[PDB]
Each structure stands twice: as structure tokens, then as C-alpha cells.
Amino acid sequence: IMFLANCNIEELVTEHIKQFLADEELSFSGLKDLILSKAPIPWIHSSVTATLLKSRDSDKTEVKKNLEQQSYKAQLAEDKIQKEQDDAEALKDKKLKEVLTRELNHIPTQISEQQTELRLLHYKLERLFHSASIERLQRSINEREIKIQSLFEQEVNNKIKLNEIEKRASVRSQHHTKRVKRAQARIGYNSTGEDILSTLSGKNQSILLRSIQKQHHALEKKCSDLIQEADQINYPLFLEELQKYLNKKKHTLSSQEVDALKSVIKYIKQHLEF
């Protein structure tokens, strides 16, 4: 679970004070100055501070992993969706390209056919000079010409649609390249834990980095506050524990040394200023 959020700061400082006072070789003049200092014991505040930093580091590592894992999976899912849609569009365009091309390869034949029939109609009309006979040849001619116009329009339209297919193909090819690059990054990430960012699109890297930045700043602050707290309570706790140490006799101080330290201690304790 979490360290910083679950830190009892008083219990931590106490544990570190006790560990320090486990030293049975502390000296009179050493202890005397520490009492006189009315300040955090520097050795002890250092050790509490290192513990808090390690704890902060552990928290930061953990939440980063949670957020990275969220971003990793979301991008993977996006990429699988885009792949299926690209694949489906590709199949559709493949079929369209075939029909358009099959029609295109037949249009010159149709035009030739229509033109041949149109030529015979002009020949037949020339030979009429009823009508009736004349008017219905005219209508046949008009139909042939519209048909030929339509074929020429059919041709250029199929060519445009073939071009727009090439454009959509190029886009799918680009989408694929990027997916391959992210998939390559996943090989590296899944083996070292590094380079999460190359598995994400630019927009997703952004979302990931903001969530991490917010969390890291927060934990950094929380750690600074815990250090400041531990600083505030260090000295009074040490004085309490030192008294116990001075009564337990697990130490190398003479009876006179002990009494001399108690004199300094009571001087602090009965102080008119603090």
C-alpha cells in the first residue's frame, strides 16, 4: 500500500530516536550539547529524512506505474479498433477498385460500339434525302449521342473514384506505420519498464504526463510537510526518551555524569522562556 499517506510521524521519529539511543557509548559532552541545542538532533533528523524520501520515492514509483498501465492499455485498445476499421475500409475499397476498373476496361469498347451504330444511323438518314422515317432516325441518333456522352462521363468519374481510393489507401498505410512503431515500443516497454511514452500517440503522452506531474508534485509536497513536521517534534521527543535512557542504565555514563545531564535537562524543562 502507500507509505507517505500512512505515516504516523510521531511514531517514526520515536523509532529513530530509540535506535539512536540504543548506542551505549554516547558521551557526556555530546549529550550536553544536544540538550542545550533545543534543535532537532542532526543525526536523527537525517535518518528520519532519508526514510521519508525513500517512502516518497516508493509512492511516486507506484502511482506512475498505475497511470502508465492505464495509458498503455487505452492506447492498445484504440490501436486495435483503428486496425479493424482500417482493415474493413481496405476490403471495401479493394472491391470498389475491382468494379471501377472492370468497368473502365470496357468503356472504350462500348464507345466504339455506340459510335459504329451511330455511324450507321447517319448513313441511314443521309439515304432518306413518311418522316416518321426521318423523325425516328433523329431520335435514335439523339439517344446514341447521349449514351456516348454518358460513357465519357462514366470514364472520368471512375477515374476520380480510383484516385480517391489511392488517397484513402495512403492514409491507411500511414496509420499502419504508426501502429507498428508503437508496437515496437511495446516490446521494449514490456521487458524493461522504460519508454512508456513511445507506446502512446502524442495526445495520449500528454494526458499521461499531466496525470503523473500532478501526482508527483503532490507527493513531493506531502514529503516536504512530513519532514517539516518531524523536524518540529524531534527535540521534545528526544528529551523524553533521553530521560528514559538515563534511567535504564544501558549506557557508559558515570553517576555524576548522569546527574549533570539531568541538571541541564531540568533547566530546559523549567525554562521561563521555553
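Residue indices: 1-based, along the sequence shown.
Counting the deposited residues that fall between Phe129 and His130 and carry no coordinates gives a value of 10 or more. Stretch comparison (70-78 versus 120-128) by mean CA B-factor in the PDB entry places 120-128 on top. In this crystal structure, the stretch out of 134-142 and 149-157 whose C-alpha atoms carry the higher mean B factor is 134-142. Comparing the C-alpha B-factors of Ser37, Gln243, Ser47, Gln205 in the entry, the top value falls on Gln243.
Ranked by C-alpha B-factor against the other modelled residues of its chain, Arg56 falls in the lowest third.
Ranked by C-alpha B-factor against the other modelled residues of its chain, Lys248 falls in the highest third.
In the PDB entry, a CA B factor belonging to the middle third of its chain's modelled residues is recorded for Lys64. Per the deposited record, the Cα B-factor of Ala90 falls in the highest third when ranked against the other modelled residues of its chain. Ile268: CA B factor in the lowest third of modelled residues in this chain (values from the PDB entry).
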